[PDB]
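**Q** Please see the structure below; I have some questions.
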Amino acid sequence: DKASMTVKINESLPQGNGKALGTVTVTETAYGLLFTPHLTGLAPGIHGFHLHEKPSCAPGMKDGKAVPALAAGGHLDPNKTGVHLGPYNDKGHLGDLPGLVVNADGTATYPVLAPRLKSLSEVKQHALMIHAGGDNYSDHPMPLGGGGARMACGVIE
Amino acid sequence: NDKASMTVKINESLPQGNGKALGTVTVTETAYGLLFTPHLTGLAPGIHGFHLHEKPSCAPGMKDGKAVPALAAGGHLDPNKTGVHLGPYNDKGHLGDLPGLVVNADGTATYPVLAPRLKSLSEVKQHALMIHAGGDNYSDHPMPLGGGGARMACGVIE
Ligand SMILES: [Zn+2]
Ligand SMILES: [Zn+2]
Ligand SMILES: [Zn+2]
Ligand SMILES: [Zn+2]
Ligand SMILES: [Zn+2]
Ligand SMILES: [Zn+2]
Ligand SMILES: [Zn+2]
């Protein structure tokens with residue numbers, strides 16, 4: 033019996049949840065949490081892929097405008113580093129995962145290992161977020177890796 | 032703040048010998064294993080098999096009267112003699128199994144890939160860094176060696 037679980041992912045719209053885009057499997061390995069995606073409908077390329085603090089994917093208000101998945105808050109960051117440094121650096125947000133790789137047909141199938149995370153309990157009650165932009169694992173030149181807008185989200189557990 | 036790091040140059044692998052230079056891959060020690068950061072151009076968009084092979088050569092090899100590209104690098108690095116391809120997150124297979132190399136739509140590869148099973152540069156030196164035509168499902172099923180198929184670019188580490 034592997035320590036494994038799934039998370040439903042939905043489109044993040046200004047008014048709430050859009051279509052189900054599929055799932056992501058989260059599995060404990062000898063090397064940390066393996067995120068095996070099973071998603072469809074995404075823009076080909078590499079997308080910011082992070083655990084955000086709050087167990088919500090609902091939109092929020094910012095400067096009078098509807099902001100998709102804003103209720104998830106920022107990146108999971110129990111060490112209070114206040115810095116986005118990616119999946120391989122202990123000095124930044126614990127919620128920083130490797131970029132989500134999206135195939136030419138808009139599907140995501142390629143597994144990504146986040147070695148800093150060791151058990152399922154560490155992802156429960158957080159939002160699994162997929163951004164429009166990519167992620168260079170830095171706050172420079174763009175904040176939070178350049179992920180920009182939130183466009184897909186799933187509350188884990 | 033600092034970790035061991037080294038660079039490997041990558042060349043197209045043709046039947047005749049080395050092809051165009053395609054750029055480099057940086058191999059860096061992290062607290063989580065070796066990180067491979069590509070700086071590559073001229074690759075088919077998509078995900079490619081990406082492995083360390085036994086021998087310090089990217090040279091063509093002869094097989095059945097034909098020059099097979101990078102065949103001189105031998106098989107996948109397998110010090111424990113597992114004889115099986117199970118990918119970068121499973122200790123029961125080839126130690127040389129790395130995550131699939133991700134190639135952008137524009138033919139460049141930039142997305143860094145971590146191989147947690149490798150800890151130090153000493154483990155990768157004097158072996159070949161191989162880039163396959165096909166992808167890698169980290170299994171000998173349905174196809175052998177992850178379905179990597181032919182070798183199309185290669186670099187000798189160190
Ligand atoms: Zn994010
Ligand atoms: Zn972050
Ligand atoms: Zn700059
Ligand atoms: Zn330094
Ligand atoms: Zn190979
Ligand atoms: Zn192998
Ligand atoms: Zn060796």
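Listed in order, the protein sequences are those of chains A and B.
Heads up: the first sequence begins at 33 in the UniProt record's numbering, then just goes up one per residue.
Heads up: the second sequence begins at 32 in the UniProt record's numbering, then just goes up one per residue.
Where a beta carbon is used, it is the ideal one built from N, C-alpha and C, also for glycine.
1. For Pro110/A, would you say it is in contact with chain B, using Cβ-to-Cβ distances shorter than 8 angstroms as the test?
2. Sorry if obvious, but does the Cβ on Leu108/A come closer than 7 angstroms to a heavy atom of ligand 5?
3. Please indicate yes or no: does the CB of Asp128/B lie closer than 7 angstroms to some heavy atom of ligand 2?
4. Between which two residues does the beta strand (DSSP E) containing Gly92/A stretch?
5. Could you give the first and the last residue of the continuous beta strand (DSSP E) run that contains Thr57/B?
6. Closer than 9 angstroms, Cβ to any Cβ of chain B: which residues of the region 68-81 of chain A, in chain order?
7. Give the interface partners of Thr61/B over in chain A, defined as CB-CB distance under 7 angstroms, in chain order.
8. Following a CB-centred definition, is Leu160/B positioned closer than 7 angstroms to any heavy atom of ligand 5?
9. What does the alpha-carbon distance come out to for the pair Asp128/B and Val155/B?
10. Which residue spans inside the UniProt domain "Superoxide dismutase copper/zinc binding" (54-188) of chain B form an unbroken beta strand (DSSP E) run of at least 3?
11. Who are the Cβ neighbours of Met93/B in its own chain at under 6 angstroms, not counting the five residues just before and after it?
12. In whole angstroms, what separates the C-alpha of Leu45/A from that of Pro110/A?
13. Could you give the residue range of the beta strand (DSSP E) that holds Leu45/A?
14. Let me have the residue list for ligand 3: C-beta closer than 6 angstroms to any non-hydrogen atom, ordered along the chain.
15. Can you list the residues of chain A that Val187/B reaches, using a CB-CB cut of under 8 angstroms?
16. To the nearest angstrom, how far is the alpha carbon of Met161/B from that of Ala103/B?
17. Note down, in chain order, each residue of its chain lying with its Cβ closer than 6 angstroms to the Cβ of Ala184/B, except the 5 sequence neighbours on either side.
18. Three or more C-beta pairs closer than 8 angstroms, one from the region 169-184 of chain A and one from the region 169-182 of chain B: is that the case here?
19. Using a C-beta to C-beta distance shorter than 9 angstroms, which residues of chain A count as neighbours of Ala136/B?
20. Closest to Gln47/B by CA distance: which of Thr141/B, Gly179/B, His158/B and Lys97/B is it?
21. Determine the chain B residues that contact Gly131/A at a beta-carbon separation under 8 angstroms, and present them in chain order.
**A** Concretely, from the data shown:
1. Sequence index remark: in the first sequence, residue 110/A carries index 78 (1-based). Chain B contact via Cβ: absent.
2. As a first step, residue 108/A must be located in the first sequence, where it is residue number 76. Flag unset: Cβ of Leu108/A not near ligand 5.
3. Counting from one through the second sequence, the residue named residue 128/B turns up at place 97. No.
4. One-based indexing of the first sequence puts residue 92/A at position 60. In the DSSP assignment, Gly92/A falls within the beta strand (DSSP E) that extends over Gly92 to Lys94.
5. For the purposes of this step, residue 57/B is taken as the residue at position 26 of the second sequence. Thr57/B -> beta strand (DSSP E) spans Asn49 to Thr61.
6. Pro76, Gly77 and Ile78
7. Reading the second sequence from its first residue, position 30 is the one you call residue 61/B. Correct list: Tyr120.
8. What you label residue 160/B is simply residue 129 of the second sequence in a count that begins at 1. Within the chosen limit of 7 angstroms, ligand 5 does not reach the beta carbon of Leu160/B with any heavy atom.
9. Counting from one through the second sequence, the residue named residue 128/B turns up at place 97. Counting from one through the second sequence, the residue named residue 155/B turns up at place 124. Answer to the nearest angstrom: the Cα atoms are 11 angstroms apart.
10. 64-71, 77-79, 81-84, 92-94, 97-99, 132-134, 144-146, 159-163 and 182-187
11. Taking the first residue of the second sequence as 1, we reach residue 93/B at position 62. Here the set comprises nothing.
12. As a working mapping, residue 45/A is identified with position 13 in the first sequence. As a working mapping, residue 110/A is identified with position 78 in the first sequence. The alpha-carbon atoms of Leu45/A and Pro110/A are separated by roughly 28 angstroms.
13. Position 13 of the first sequence holds residue 45/A. Taken as a continuous stretch (DSSP letters only), the beta strand (DSSP E) holding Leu45/A covers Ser36 to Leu45.
14. Residues with a Cβ closer than 6 angstroms to any heavy atom of ligand 3, in chain order: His172/A and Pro173/A.
15. Numbered from 1 along the second sequence, position 156 holds the residue referred to as residue 187/B. Residues of chain A passing the Cβ test: none, with the nearest at roughly 25 angstroms.
16. As a working mapping, residue 161/B is identified with position 130 in the second sequence. As a working mapping, residue 103/B is identified with position 72 in the second sequence. Spanning the two alpha carbons is a distance of roughly 11 angstroms.
17. Mapped onto the second sequence, residue 184/B falls at position 153. Result list for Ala184/B: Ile41, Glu43, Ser44, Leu53 and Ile162, in chain order.
18. No: the two stretches stay apart, fewer than three of their Cβ pairs being nearer than 8 angstroms.
19. If you number the second sequence from 1, residue 136/B lands on position 105. Near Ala136/B (Cβ distances below 9 angstroms), the residues of chain A are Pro76, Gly77 and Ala136.
20. In the second sequence, residue 47/B corresponds to position 16, counting from 1. Comparing C-alpha distances from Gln47/B to each of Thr141/B, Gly179/B, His158/B and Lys97/B shows the shortest one belongs to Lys97/B.
21. Mapped onto the first sequence, residue 131/A falls at position 99. Within 8 angstroms Cβ-Cβ: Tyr142.
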